[PDB]
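Have a look at coords-v5.pdb; it's PDB, C-alpha atoms:
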```pdb
ATOM      1  CA  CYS O   1       0.000   0.000   0.000  1.00  0.00           C
ATOM      2  CA  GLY O   2       2.138   2.855  -1.256  1.00  0.00           C
ATOM      3  CA  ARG O   3      -0.566   5.239  -2.391  1.00  0.00           C
ATOM      4  CA  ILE O   4      -4.134   5.944  -1.269  1.00  0.00           C
ATOM      5  CA  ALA O   5      -7.041   8.201  -2.183  1.00  0.00           C
ATOM      6  CA  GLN O   6      -9.080  10.466   0.116  1.00  0.00           C
ATOM      7  CA  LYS O   7     -11.705  12.124  -2.078  1.00  0.00           C
ATOM      8  CA  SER O   8     -14.890  11.984   0.008  1.00  0.00           C
ATOM      9  CA  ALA O   9     -15.950  14.784   2.313  1.00  0.00           C
ATOM     10  CA  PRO O  10     -14.333  14.405   5.748  1.00  0.00           C
ATOM     11  CA  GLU O  11     -17.761  14.334   7.433  1.00  0.00           C
ATOM     12  CA  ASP O  12     -18.526  11.164   5.465  1.00  0.00           C
ATOM     13  CA  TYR O  13     -15.608   9.302   7.112  1.00  0.00           C
ATOM     14  CA  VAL O  14     -16.789  10.235  10.597  1.00  0.00           C
ATOM     15  CA  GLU O  15     -20.398   9.321   9.773  1.00  0.00           C
ATOM     16  CA  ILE O  16     -19.280   5.797   8.861  1.00  0.00           C
ATOM     17  CA  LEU O  17     -17.030   5.237  11.887  1.00  0.00           C
ATOM     18  CA  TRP O  18     -19.003   7.205  14.467  1.00  0.00           C
ATOM     19  CA  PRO O  19     -22.592   7.267  13.124  1.00  0.00           C
ATOM     20  CA  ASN O  20     -24.548  10.229  14.463  1.00  0.00           C
ATOM     21  CA  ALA O  21     -21.805  12.186  16.221  1.00  0.00           C
ATOM     22  CA  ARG O  22     -20.378  15.103  14.235  1.00  0.00           C
ATOM     23  CA  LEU O  23     -16.924  16.509  15.094  1.00  0.00           C
ATOM     24  CA  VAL O  24     -10.891  21.958   4.716  1.00  0.00           C
ATOM     25  CA  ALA O  25      -8.106  21.515   2.154  1.00  0.00           C
ATOM     26  CA  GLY O  26      -9.775  19.746  -0.756  1.00  0.00           C
ATOM     27  CA  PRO O  27      -9.899  16.046  -1.747  1.00  0.00           C
ATOM     28  CA  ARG O  28      -6.668  14.203  -2.585  1.00  0.00           C
ATOM     29  CA  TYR O  29      -6.790  11.492  -5.244  1.00  0.00           C
ATOM     30  CA  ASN O  30      -3.028  10.802  -5.083  1.00  0.00           C
ATOM     31  CA  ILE O  31      -1.626  10.449  -1.569  1.00  0.00           C
ATOM     32  CA  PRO O  32       1.874   9.057  -0.965  1.00  0.00           C
ATOM     33  CA  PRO O  33       3.872   8.481   2.228  1.00  0.00           C
ATOM     34  CA  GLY O  34       5.492  11.551   3.770  1.00  0.00           C
ATOM     35  CA  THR O  35       2.316  13.617   3.760  1.00  0.00           C
ATOM     36  CA  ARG O  36      -0.372  14.240   6.381  1.00  0.00           C
ATOM     37  CA  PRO O  37      -3.389  12.134   5.374  1.00  0.00           C
ATOM     38  CA  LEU O  38      -6.641  12.426   7.304  1.00  0.00           C
ATOM     39  CA  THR O  39      -6.870   9.947  10.179  1.00  0.00           C
ATOM     40  CA  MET O  40      -9.399   9.128  12.884  1.00  0.00           C
ATOM     41  CA  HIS O  41      -8.442   8.118  16.429  1.00  0.00           C
ATOM     42  CA  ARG O  42      -8.793   8.472  20.198  1.00  0.00           C
ATOM     43  CA  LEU O  43      -5.103   8.842  21.068  1.00  0.00           C
ATOM     44  CA  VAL O  44      -5.493  11.853  23.344  1.00  0.00           C
ATOM     45  CA  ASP O  45      -7.711  11.518  26.431  1.00  0.00           C
ATOM     46  CA  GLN O  46      -9.876   8.861  24.741  1.00  0.00           C
ATOM     47  CA  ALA O  47     -11.467  11.650  22.697  1.00  0.00           C
ATOM     48  CA  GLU O  48     -12.711  10.809  19.210  1.00  0.00           C
ATOM     49  CA  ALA O  49     -11.000  12.938  16.605  1.00  0.00           C
ATOM     50  CA  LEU O  50     -10.397  13.583  12.930  1.00  0.00           C
ATOM     51  CA  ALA O  51      -6.895  14.971  12.332  1.00  0.00           C
ATOM     52  CA  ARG O  52      -3.941  14.843   9.947  1.00  0.00           C
ATOM     53  CA  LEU O  53      -1.023  12.679  10.991  1.00  0.00           C
ATOM     54  CA  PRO O  54       2.292  12.010   9.177  1.00  0.00           C
ATOM     55  CA  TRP O  55       2.315   8.851   7.052  1.00  0.00           C
ATOM     56  CA  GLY O  56       5.689   7.127   7.363  1.00  0.00           C
ATOM     57  CA  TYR O  57       7.324   5.838  10.559  1.00  0.00           C
ATOM     58  CA  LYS O  58      11.052   6.320  11.139  1.00  0.00           C
ATOM     59  CA  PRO O  59      12.382   4.507  14.250  1.00  0.00           C
ATOM     60  CA  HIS O  60      14.683   6.639  16.418  1.00  0.00           C
ATOM     61  CA  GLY O  61      17.581   4.222  15.892  1.00  0.00           C
ATOM     62  CA  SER O  62      17.353   3.426  12.171  1.00  0.00           C
ATOM     63  CA  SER O  63      17.121   4.883   8.651  1.00  0.00           C
ATOM     64  CA  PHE O  64      13.988   2.911   7.870  1.00  0.00           C
ATOM     65  CA  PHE O  65      10.884   4.680   6.623  1.00  0.00           C
ATOM     66  CA  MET O  66       8.185   2.120   7.358  1.00  0.00           C
ATOM     67  CA  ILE O  67       4.908   2.784   5.554  1.00  0.00           C
ATOM     68  CA  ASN O  68       3.200  -0.569   6.117  1.00  0.00           C
ATOM     69  CA  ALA O  69       3.008  -2.705   9.260  1.00  0.00           C
ATOM     70  CA  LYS O  70       3.180  -6.456   8.573  1.00  0.00           C
ATOM     71  CA  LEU O  71       0.149  -8.132  10.114  1.00  0.00           C
ATOM     72  CA  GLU O  72       2.183 -11.112  11.285  1.00  0.00           C
ATOM     73  CA  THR O  73       4.848  -9.043  13.021  1.00  0.00           C
ATOM     74  CA  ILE O  74       1.999  -7.413  14.945  1.00  0.00           C
ATOM     75  CA  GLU O  75       0.541 -10.852  15.741  1.00  0.00           C
ATOM     76  CA  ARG O  76       3.889 -12.271  16.912  1.00  0.00           C
ATOM     77  CA  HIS O  77       4.192  -9.027  18.887  1.00  0.00           C
ATOM     78  CA  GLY O  78       7.405  -8.005  17.175  1.00  0.00           C
ATOM     79  CA  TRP O  79       9.405  -4.804  16.769  1.00  0.00           C
ATOM     80  CA  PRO O  80       8.512  -2.102  16.414  1.00  0.00           C
ATOM     81  CA  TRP O  81       4.738  -2.393  16.287  1.00  0.00           C
ATOM     82  CA  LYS O  82       4.681  -4.090  19.707  1.00  0.00           C
ATOM     83  CA  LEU O  83       5.214  -0.575  21.041  1.00  0.00           C
ATOM     84  CA  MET O  84       2.126   0.897  19.386  1.00  0.00           C
ATOM     85  CA  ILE O  85      -0.367  -1.965  19.244  1.00  0.00           C
ATOM     86  CA  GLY O  86      -1.472  -0.942  22.727  1.00  0.00           C
ATOM     87  CA  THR O  87      -1.627   2.865  22.601  1.00  0.00           C
ATOM     88  CA  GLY O  88      -1.031   3.937  19.002  1.00  0.00           C
ATOM     89  CA  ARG O  89      -4.009   2.356  17.199  1.00  0.00           C
ATOM     90  CA  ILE O  90      -5.563   4.628  14.570  1.00  0.00           C
ATOM     91  CA  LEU O  91      -7.689   4.421  11.449  1.00  0.00           C
ATOM     92  CA  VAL O  92      -6.846   5.927   8.063  1.00  0.00           C
ATOM     93  CA  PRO O  93      -9.943   6.596   5.941  1.00  0.00           C
ATOM     94  CA  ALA O  94      -9.709   5.999   2.182  1.00  0.00           C
ATOM     95  CA  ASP O  95     -11.912   5.730  -0.892  1.00  0.00           C
ATOM     96  CA  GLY O  96      -9.324   3.359  -2.346  1.00  0.00           C
ATOM     97  CA  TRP O  97      -5.623   2.704  -2.972  1.00  0.00           C
ATOM     98  CA  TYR O  98      -3.186   2.062  -5.808  1.00  0.00           C
ATOM     99  CA  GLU O  99      -1.034  -0.918  -6.783  1.00  0.00           C
ATOM    100  CA  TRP O 100       1.266  -1.136  -9.811  1.00  0.00           C
ATOM    101  CA  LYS O 101       1.142  -4.252 -11.970  1.00  0.00           C
ATOM    102  CA  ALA O 102       4.530  -5.206 -13.375  1.00  0.00           C
ATOM    103  CA  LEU O 103       4.028  -5.607 -17.116  1.00  0.00           C
ATOM    104  CA  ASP O 104       7.431  -7.234 -17.668  1.00  0.00           C
ATOM    105  CA  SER O 105      10.616  -8.448 -15.958  1.00  0.00           C
ATOM    106  CA  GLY O 106      14.078  -6.913 -16.033  1.00  0.00           C
ATOM    107  CA  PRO O 107      15.210  -3.572 -14.542  1.00  0.00           C
ATOM    108  CA  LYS O 108      12.902  -0.541 -14.436  1.00  0.00           C
ATOM    109  CA  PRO O 109       9.935  -2.507 -15.891  1.00  0.00           C
ATOM    110  CA  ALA O 110       6.869  -0.781 -17.348  1.00  0.00           C
ATOM    111  CA  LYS O 111       4.205  -0.797 -14.668  1.00  0.00           C
ATOM    112  CA  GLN O 112       0.459  -0.352 -15.063  1.00  0.00           C
ATOM    113  CA  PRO O 113      -1.121   1.467 -12.084  1.00  0.00           C
ATOM    114  CA  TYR O 114      -4.514   0.202 -10.843  1.00  0.00           C
ATOM    115  CA  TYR O 115      -7.067   1.855  -8.548  1.00  0.00           C
ATOM    116  CA  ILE O 116      -8.829  -0.458  -6.023  1.00  0.00           C
ATOM    117  CA  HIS O 117     -11.970   0.496  -4.083  1.00  0.00           C
ATOM    118  CA  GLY O 118     -15.145  -0.636  -2.357  1.00  0.00           C
ATOM    119  CA  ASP O 119     -18.781   0.510  -2.317  1.00  0.00           C
ATOM    120  CA  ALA O 120     -18.035   3.047   0.423  1.00  0.00           C
ATOM    121  CA  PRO O 121     -15.141   4.727   2.311  1.00  0.00           C
ATOM    122  CA  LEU O 122     -12.687   2.220   3.758  1.00  0.00           C
ATOM    123  CA  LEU O 123     -11.335   2.202   7.309  1.00  0.00           C
ATOM    124  CA  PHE O 124      -7.688   1.096   7.154  1.00  0.00           C
ATOM    125  CA  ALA O 125      -6.217  -0.072  10.447  1.00  0.00           C
ATOM    126  CA  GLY O 126      -3.035   1.782  11.358  1.00  0.00           C
ATOM    127  CA  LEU O 127      -0.367   2.279  14.005  1.00  0.00           C
ATOM    128  CA  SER O 128       1.094   5.657  14.899  1.00  0.00           C
ATOM    129  CA  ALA O 129       3.889   6.786  17.181  1.00  0.00           C
ATOM    130  CA  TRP O 130       2.437  10.255  17.528  1.00  0.00           C
ATOM    131  CA  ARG O 131       1.136  11.290  20.955  1.00  0.00           C
ATOM    132  CA  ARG O 132      -0.150  14.557  22.476  1.00  0.00           C
ATOM    133  CA  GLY O 133       2.532  17.244  22.580  1.00  0.00           C
ATOM    134  CA  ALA O 134       4.720  15.388  20.080  1.00  0.00           C
ATOM    135  CA  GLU O 135       5.933  16.949  16.848  1.00  0.00           C
ATOM    136  CA  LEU O 136       4.447  15.838  13.518  1.00  0.00           C
ATOM    137  CA  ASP O 137       7.651  14.370  12.091  1.00  0.00           C
ATOM    138  CA  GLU O 138       8.763  10.945  10.802  1.00  0.00           C
ATOM    139  CA  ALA O 139       9.745  10.050  14.354  1.00  0.00           C
ATOM    140  CA  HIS O 140       6.016  10.145  15.059  1.00  0.00           C
ATOM    141  CA  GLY O 141       4.696   8.913  11.715  1.00  0.00           C
ATOM    142  CA  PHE O 142       2.327   5.983  11.163  1.00  0.00           C
ATOM    143  CA  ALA O 143       2.151   2.844   9.027  1.00  0.00           C
ATOM    144  CA  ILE O 144      -0.926   1.213   7.427  1.00  0.00           C
ATOM    145  CA  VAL O 145      -1.492  -2.345   8.719  1.00  0.00           C
ATOM    146  CA  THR O 146      -1.081  -4.644   5.698  1.00  0.00           C
ATOM    147  CA  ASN O 147      -1.794  -8.334   5.039  1.00  0.00           C
ATOM    148  CA  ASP O 148       1.470  -9.336   3.388  1.00  0.00           C
ATOM    149  CA  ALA O 149       0.519 -13.028   3.299  1.00  0.00           C
ATOM    150  CA  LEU O 150      -2.041 -12.309   0.571  1.00  0.00           C
ATOM    151  CA  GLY O 151       0.047  -9.697  -1.211  1.00  0.00           C
ATOM    152  CA  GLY O 152      -1.597  -6.881  -3.113  1.00  0.00           C
ATOM    153  CA  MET O 153      -5.138  -6.940  -4.485  1.00  0.00           C
ATOM    154  CA  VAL O 154      -3.709  -6.795  -8.022  1.00  0.00           C
ATOM    155  CA  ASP O 155       0.094  -6.805  -7.599  1.00  0.00           C
ATOM    156  CA  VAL O 156       1.262  -9.990  -5.892  1.00  0.00           C
ATOM    157  CA  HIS O 157       4.397  -8.150  -4.742  1.00  0.00           C
ATOM    158  CA  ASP O 158       2.460  -5.439  -2.908  1.00  0.00           C
ATOM    159  CA  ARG O 159       0.769  -5.515   0.479  1.00  0.00           C
ATOM    160  CA  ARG O 160      -2.981  -5.018   0.679  1.00  0.00           C
ATOM    161  CA  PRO O 161      -4.206  -2.781   3.529  1.00  0.00           C
ATOM    162  CA  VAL O 162      -6.331  -4.344   6.256  1.00  0.00           C
ATOM    163  CA  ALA O 163      -9.740  -2.696   5.964  1.00  0.00           C
ATOM    164  CA  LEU O 164     -12.099  -3.099   8.907  1.00  0.00           C
ATOM    165  CA  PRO O 165     -15.909  -3.071   9.193  1.00  0.00           C
ATOM    166  CA  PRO O 166     -17.243   0.012  11.048  1.00  0.00           C
ATOM    167  CA  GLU O 167     -18.125  -2.096  14.108  1.00  0.00           C
ATOM    168  CA  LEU O 168     -14.626  -3.582  14.396  1.00  0.00           C
ATOM    169  CA  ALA O 169     -13.070  -0.258  13.449  1.00  0.00           C
ATOM    170  CA  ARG O 170     -14.651   1.375  16.505  1.00  0.00           C
ATOM    171  CA  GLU O 171     -13.343  -1.372  18.746  1.00  0.00           C
ATOM    172  CA  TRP O 172      -9.875  -0.937  17.238  1.00  0.00           C
ATOM    173  CA  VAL O 173      -9.665   2.799  18.072  1.00  0.00           C
ATOM    174  CA  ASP O 174     -11.242   2.299  21.560  1.00  0.00           C
ATOM    175  CA  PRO O 175      -8.409   2.771  24.108  1.00  0.00           C
ATOM    176  CA  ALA O 176     -10.313   0.400  26.412  1.00  0.00           C
ATOM    177  CA  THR O 177      -9.913  -2.627  24.124  1.00  0.00           C
ATOM    178  CA  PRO O 178      -6.929  -4.766  25.202  1.00  0.00           C
ATOM    179  CA  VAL O 179      -4.017  -5.512  22.852  1.00  0.00           C
ATOM    180  CA  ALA O 180      -5.116  -9.150  22.734  1.00  0.00           C
ATOM    181  CA  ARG O 181      -8.481  -8.080  21.363  1.00  0.00           C
ATOM    182  CA  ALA O 182      -6.747  -5.707  18.946  1.00  0.00           C
ATOM    183  CA  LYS O 183      -4.707  -8.511  17.435  1.00  0.00           C
ATOM    184  CA  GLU O 184      -7.821 -10.617  16.764  1.00  0.00           C
ATOM    185  CA  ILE O 185      -9.644  -7.735  15.051  1.00  0.00           C
ATOM    186  CA  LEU O 186      -6.680  -7.249  12.745  1.00  0.00           C
ATOM    187  CA  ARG O 187      -7.371 -10.503  10.911  1.00  0.00           C
ATOM    188  CA  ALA O 188     -11.038  -9.707  10.342  1.00  0.00           C
ATOM    189  CA  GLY O 189     -10.225  -7.474   7.388  1.00  0.00           C
ATOM    190  CA  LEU O 190     -12.692  -7.130   4.503  1.00  0.00           C
ATOM    191  CA  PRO O 191     -12.368  -9.878   1.856  1.00  0.00           C
ATOM    192  CA  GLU O 192     -11.314  -9.130  -1.716  1.00  0.00           C
ATOM    193  CA  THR O 193     -14.859  -9.974  -2.862  1.00  0.00           C
ATOM    194  CA  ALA O 194     -15.807  -6.512  -1.516  1.00  0.00           C
ATOM    195  CA  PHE O 195     -13.526  -4.554  -3.856  1.00  0.00           C
ATOM    196  CA  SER O 196     -13.422  -3.820  -7.580  1.00  0.00           C
ATOM    197  CA  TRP O 197     -10.611  -2.124  -9.524  1.00  0.00           C
ATOM    198  CA  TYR O 198      -9.594  -0.660 -12.857  1.00  0.00           C
ATOM    199  CA  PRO O 199      -6.408   0.492 -14.610  1.00  0.00           C
ATOM    200  CA  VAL O 200      -5.814   4.221 -14.231  1.00  0.00           C
ATOM    201  CA  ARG O 201      -5.088   5.773 -17.621  1.00  0.00           C
ATOM    202  CA  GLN O 202      -3.881   9.137 -16.329  1.00  0.00           C
ATOM    203  CA  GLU O 203      -0.454   9.788 -14.766  1.00  0.00           C
ATOM    204  CA  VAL O 204      -0.150   8.709 -11.126  1.00  0.00           C
ATOM    205  CA  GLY O 205       3.353   7.273 -11.074  1.00  0.00           C
ATOM    206  CA  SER O 206       5.677   4.680 -12.607  1.00  0.00           C
ATOM    207  CA  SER O 207       5.982   2.600  -9.422  1.00  0.00           C
ATOM    208  CA  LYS O 208       4.677   2.354  -5.838  1.00  0.00           C
ATOM    209  CA  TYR O 209       7.659   4.460  -4.769  1.00  0.00           C
ATOM    210  CA  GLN O 210       7.651   6.781  -7.790  1.00  0.00           C
ATOM    211  CA  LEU O 211       5.718  10.043  -7.646  1.00  0.00           C
ATOM    212  CA  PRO O 212       4.414  11.413 -10.981  1.00  0.00           C
ATOM    213  CA  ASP O 213       6.912  13.698 -12.736  1.00  0.00           C
TER     214      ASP O 213
END
```
Could you spell out this file's structure in structure tokens?
Amino acid sequence: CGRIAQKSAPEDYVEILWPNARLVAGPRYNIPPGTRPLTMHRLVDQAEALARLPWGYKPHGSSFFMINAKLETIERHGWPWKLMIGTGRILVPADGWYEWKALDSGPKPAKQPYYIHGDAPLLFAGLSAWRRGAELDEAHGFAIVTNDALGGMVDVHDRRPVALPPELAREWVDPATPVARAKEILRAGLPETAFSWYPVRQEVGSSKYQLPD
């Protein structure tokens, strides 16, 4: 999951996660890591919120820029997600995401970008290292929880994002739910039979990690 789309009105995301319970910069059809995508969470004083957090986690002691959090590493309670599975659980709303389909082998292969989506806004499970009073830098960025085992929805070398039903999504962001319960929820992601996709004909990028010139 190297690119997502947030084109619906922000109030629509809240309505789906927190039905009946209200809480500007324009819609973004092409969102890569390193930006501040809209997110929903209860990280500060259990309060429900809709704010922009930095996408892309950079551990204090490494030069890694983690954008996805491997489901299994979270299950086996491994580094570094074991440090956020308890208090850094967030949701990243999205109308869909992009995956590039390798059209050939060899170096710098021609890739065909695809757009994947559902019948309504998706609630991607995520983990963030940001906390109240902390700066909005890579040191406090987040990663989208991905289901590596099944690869991408179209590109077998990508990692599909774990989308959760509204009911489970609420439990995920609820600071009261124990880490044990959080791990279970993580594998209840929406099945592929709930998404459709098409090849994007416009310019969106040459690869997952290649922004459009």
Show me, as an MDAnalysis selection string, the residues that have an atom within 8 Å of residue 59 of chain O when counting only C-alpha atoms, minus same-chain residues fewer than 6 positions from it. chainID O and resid 65 80 139
Spell out the residues picked by the PyMOL selection byres ((chain O and resi 45) around 12) here, as a PyMOL selection string. chain O and resi 41-44+46-49+87+131-132+174-176
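Take atom CA of residue 141 of chain O and atom CA of residue 161 of chain O: the distance between them is 16.8 Å.
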Give me, as JSON, numbers by chain, all polymer residues having an atom no more than 7 Å from segment 191-200 of chain O, counting all atoms listed in the file and skipping those fewer than 6 positions away in the same chain. {"O": [112, 113, 114, 115, 116, 117, 118]}
Find the spatial neighbours of segment 207-213 of chain O, counting all atoms listed in the file, within a cut-off of 7 Å - ignore same-chain residues fewer than 2 positions away - and output them as a short mmCIF file (atom, residue, chain, number, x, y, z; two decimals) with C-alpha atoms, in the frame of the given file.
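Result file is around_4.cif:
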```cif
data_model
loop_
_atom_site.label_atom_id
_atom_site.label_comp_id
_atom_site.auth_asym_id
_atom_site.auth_seq_id
_atom_site.Cartn_x
_atom_site.Cartn_y
_atom_site.Cartn_z
CA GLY O 2 2.14 2.86 -1.26
CA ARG O 3 -0.57 5.24 -2.39
CA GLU O 99 -1.03 -0.92 -6.78
CA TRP O 100 1.27 -1.14 -9.81
CA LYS O 111 4.20 -0.80 -14.67
CA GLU O 203 -0.45 9.79 -14.77
CA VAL O 204 -0.15 8.71 -11.13
CA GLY O 205 3.35 7.27 -11.07
#
```
Best match for closeness to residue 16 of chain O among O:138, O:167, O:104, O:148, counting only C-alpha atoms: O:167
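Here atom CA of residue 164 of chain O and atom CA of residue 33 of chain O stand 20.8 Å from one another.
Minimum atom-to-atom distance to residue 142 of chain O, evaluated using all atoms listed in the file, belongs to O:88 out of O:19, O:88, O:166, O:106.
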One-decimal distance in Å that lies between atom CA of residue 143 of chain O and atom CA of residue 180 of chain O: 19.6 Å
In file coordinates, which residues lie within 10 Å of (-0.2, -4.8, 0.5) using all atoms listed in the file, given as an MDAnalysis selection string? chainID O and resid 1:2 68:70 97:99 144:162
Tell me which protein, DNA and RNA residues are within 9 Å of residue 172 of chain O, counting all atoms listed in the file, leaving out same-chain ones fewer than 3 positions away, and put them as a ChimeraX atom specification. /O:89-91,125,164,167-169,175,177,181-182,185-186
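Around residue 38 of chain O, within 10 Å and counting all atoms listed in the file, the residues found are residues 6, 10, 13, 50, 51, 52, 53, 54, 55, 91, 92, 93 and 94 of chain O, once anything fewer than 5 positions away on its own chain is removed.
Residue nearest residue 84 of chain O, chosen from O:188, O:4, O:136, O:127 and counting all atoms listed in the file: O:127.
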Closest of O:202, O:120, O:140, O:40 to residue 165 of chain O, counting all atoms listed in the file, is O:120
Rebuild segment 192-210 of chain O to N, CA, C and O atoms - output it as a tab-separated table (two decimals), in the frame of the given file, please.
```tsv
chain	number	residue	atom	x	y	z
O	192	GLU	N	-11.48	-9.74	-0.40
O	192	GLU	CA	-11.31	-9.13	-1.72
O	192	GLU	C	-12.63	-9.04	-2.49
O	192	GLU	O	-12.80	-8.15	-3.33
O	193	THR	N	-13.55	-9.95	-2.20
O	193	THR	CA	-14.86	-9.97	-2.86
O	193	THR	C	-15.66	-8.69	-2.62
O	193	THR	O	-16.77	-8.53	-3.14
O	194	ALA	N	-15.11	-7.77	-1.82
O	194	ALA	CA	-15.81	-6.51	-1.52
O	194	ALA	C	-15.25	-5.33	-2.30
O	194	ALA	O	-15.77	-4.22	-2.22
O	195	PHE	N	-14.19	-5.59	-3.07
O	195	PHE	CA	-13.53	-4.55	-3.86
O	195	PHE	C	-13.55	-4.82	-5.36
O	195	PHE	O	-13.63	-5.96	-5.81
O	196	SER	N	-13.48	-3.74	-6.13
O	196	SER	CA	-13.42	-3.82	-7.58
O	196	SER	C	-12.26	-2.89	-7.93
O	196	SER	O	-11.83	-2.10	-7.08
O	197	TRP	N	-11.73	-2.98	-9.14
O	197	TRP	CA	-10.61	-2.12	-9.52
O	197	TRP	C	-10.49	-1.96	-11.02
O	197	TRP	O	-11.03	-2.75	-11.79
O	198	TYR	N	-9.79	-0.91	-11.44
O	198	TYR	CA	-9.59	-0.66	-12.86
O	198	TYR	C	-8.23	-0.01	-13.10
O	198	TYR	O	-7.63	0.56	-12.18
O	199	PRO	N	-7.71	-0.11	-14.33
O	199	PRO	CA	-6.41	0.49	-14.61
O	199	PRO	C	-6.57	2.00	-14.78
O	199	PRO	O	-7.46	2.45	-15.51
O	200	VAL	N	-5.73	2.77	-14.10
O	200	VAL	CA	-5.81	4.22	-14.23
O	200	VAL	C	-5.06	4.58	-15.50
O	200	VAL	O	-3.94	4.12	-15.72
O	201	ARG	N	-5.68	5.40	-16.34
O	201	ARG	CA	-5.09	5.77	-17.62
O	201	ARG	C	-4.32	7.08	-17.57
O	201	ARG	O	-3.51	7.38	-18.45
O	202	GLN	N	-4.56	7.86	-16.52
O	202	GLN	CA	-3.88	9.14	-16.33
O	202	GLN	C	-2.51	8.86	-15.70
O	202	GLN	O	-2.13	7.70	-15.51
O	203	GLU	N	-1.77	9.92	-15.39
O	203	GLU	CA	-0.45	9.79	-14.77
O	203	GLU	C	-0.56	9.84	-13.25
O	203	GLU	O	-1.03	10.83	-12.68
O	204	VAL	N	-0.11	8.78	-12.58
O	204	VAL	CA	-0.15	8.71	-11.13
O	204	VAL	C	1.20	8.25	-10.58
O	204	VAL	O	1.47	8.36	-9.38
O	205	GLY	N	2.04	7.74	-11.47
O	205	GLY	CA	3.35	7.27	-11.07
O	205	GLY	C	3.79	6.05	-11.85
O	205	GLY	O	2.96	5.32	-12.41
O	206	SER	N	5.10	5.82	-11.90
O	206	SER	CA	5.68	4.68	-12.61
O	206	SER	C	5.76	3.45	-11.71
O	206	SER	O	5.71	2.31	-12.19
O	207	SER	N	5.89	3.68	-10.40
O	207	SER	CA	5.98	2.60	-9.42
O	207	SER	C	5.37	3.03	-8.09
O	207	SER	O	5.03	4.20	-7.91
O	208	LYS	N	5.24	2.08	-7.16
O	208	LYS	CA	4.68	2.35	-5.84
O	208	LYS	C	5.46	3.48	-5.16
O	208	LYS	O	4.88	4.33	-4.48
O	209	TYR	N	6.77	3.46	-5.35
O	209	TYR	CA	7.66	4.46	-4.77
O	209	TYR	C	8.16	5.47	-5.80
O	209	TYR	O	9.30	5.94	-5.73
O	210	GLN	N	7.31	5.81	-6.76
O	210	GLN	CA	7.65	6.78	-7.79
O	210	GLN	C	6.52	7.77	-8.02
O	210	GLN	O	5.50	7.45	-8.64
```
